[PDB]
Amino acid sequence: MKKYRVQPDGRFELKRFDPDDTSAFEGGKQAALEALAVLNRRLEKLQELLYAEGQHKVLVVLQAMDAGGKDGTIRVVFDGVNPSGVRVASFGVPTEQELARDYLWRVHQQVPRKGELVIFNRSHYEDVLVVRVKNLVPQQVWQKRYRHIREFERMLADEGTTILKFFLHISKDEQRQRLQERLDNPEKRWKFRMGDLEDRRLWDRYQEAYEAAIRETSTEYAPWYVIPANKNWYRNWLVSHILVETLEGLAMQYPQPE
């Protein structure tokens, strides 16, 4: 089941992962939806424990190509989970205030507190992704940032944060369909930006960047999971299974005051 966990050997190659792979589930969509429903209930209970224990901090990082399933994952995986204990932090185009400080400043501000589960919809990884691909800074600058991230995450983990980093892996062809579906969708007509067409020619450069990022930052304290995300049902089930298992591993207990 950890066939998707990227080992900290620095020997990662994205070619080994197929976006269309569904080998960890034996049953197809209908069966998987039932399985997800079970895990969602366990997740709801596990969050209730987390909030009650108030010791651990859970950080779920979502990274994907545009239309890679970031919003869809949050919406389906965290369906019915208490709003008081779960929070989404999105990282968009940096403001002048954000650029006036190091790139980790805006990110560090949003980290989960004790008893809180935080989802990062894009993250500090963007500073080794869009920044690298579009050469917003030279290689000399962004190359050093891998060490920064390893060390920043070491600090977070050592101080009590459970870090789960999910790479939602979709094919170039799947993305083409999803963006075309976005353009014909009336309630998604607004989600489209013109820049989505320029980043499309940069596909390979983005894939190279994801390969580099994952190889350099997947550690035992902060592992990367490559989720085959072409099938939404499989993506949702697998992300739920990984999170539920990790949270189960924490052996969280309800406190007693006497």
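Quick note: we count residues from 1 along the sequence shown, nothing fancier. Basically, rigid core = biggest C-alpha set you can superpose within 1.5 Å across the two forms.
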Quiz item: Between 75-83 and 134-142, where do the CA atoms move more in 4 other deposited structures of this protein, taking the root mean square over the structures and residues after a core fit?
Solution: 75-83
Self-check item: Core-fitted comparison in 4 other deposited structures of this protein, 167-175 vs 182-190, farther C-alphas
Solution: 182-190
Self-check item: Other entries lacking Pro257, at least a third
Solution: yes
Quiz item: Out of 41-49 and 229-237, which stretch has the higher average CA B-factor listed in the record?
Solution: 229-237
Practice problem: Pick between 106-114 and 140-148: the one whose mean CA B-factor in the entry is higher. | Solution: 140-148
Quiz prompt | Most elevated Cα B-factor in the entry, residues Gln175, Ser123, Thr161, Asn82 | solution = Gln175
Quiz item: Considering only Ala222, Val61, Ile214, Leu202, which residue's Cα atom bears the greatest B-factor as recorded?
Solution: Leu202
Quiz item: Sorting the chain's CA B-factors, does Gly54 end up in the lowest, middle or highest third?
Solution: lowest
Quiz prompt | Within-chain third of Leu129 by Cα B-factor, per the entry | solution = middle
Practice problem: Can you work out whether the C-alpha temperature factor of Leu156 puts it in the lowest, middle or highest third of the chain? | Solution: lowest
Quiz item: If you rank the chain by CA B-factor, which third does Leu183 end up in: lowest, middle or highest?
Solution: highest
Quiz item: Which third of the chain holds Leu243 when residues are ordered by C-alpha B factor: lowest, middle or highest?
Solution: lowest
